[PDB]
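A.B. asks: After the structure tokens below, expect a handful of questions from me.
Right, here's the structure in full:
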């Protein structure tokens, strides 16, 4: 649900990519958008990708995709 994985999602980010100091932060960033079904937190650059709609998973080292909430 919210344990790293290193999987990126090709699902459209619901807005501008905001950087998050933690994956936890990016979770709250997803909790913000009602459309957000999951988020891809790129821990590597520290970027948070709150993503809407259905997901699409790919192997990206650094991308932690939390399924919105666990």
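In mature numbering (1 follows the signal peptide of the UniProt record, and there is no 0), the protein residues as written are 394 to 463.
Idealized CB from N, CA, C, for every residue including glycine.
1) Spatial neighbours of residue 403 within its chain, please: C-beta separation below 6 Å, excluding the five flanking residues on both sides.
2) Helix, strand or coil: which one does DSSP assign to residue 438?
3) Name the two residues that bound the continuous alpha helix (DSSP H) containing residue 417.
4) Can you tell me whether residue 419 is buried or exposed, with buried defined as 16 or more other CB within 10 angstroms of its CB?
C.D. replies: Based on what the coordinates show:
1) For the purposes of this step, residue 403 is taken as residue 10 along the chain shown, with counting starting at 1. 449, listed in sequence order.
2) Position 45 of the chain shown holds residue 438. Note: residue 438 maps to coil in three-state DSSP.
3) Locating residue 417 in the chain shown gives position 24, where the first residue counts as 1. From DSSP, the alpha helix (DSSP H) with residue 417 extends over 416-425.
4) Residue numbering aside, residue 419 sits at position 26 when the chain shown is read from its first letter. Buried, because 16 or more other Cβ atoms sit within 10 Å of the Cβ of residue 419.
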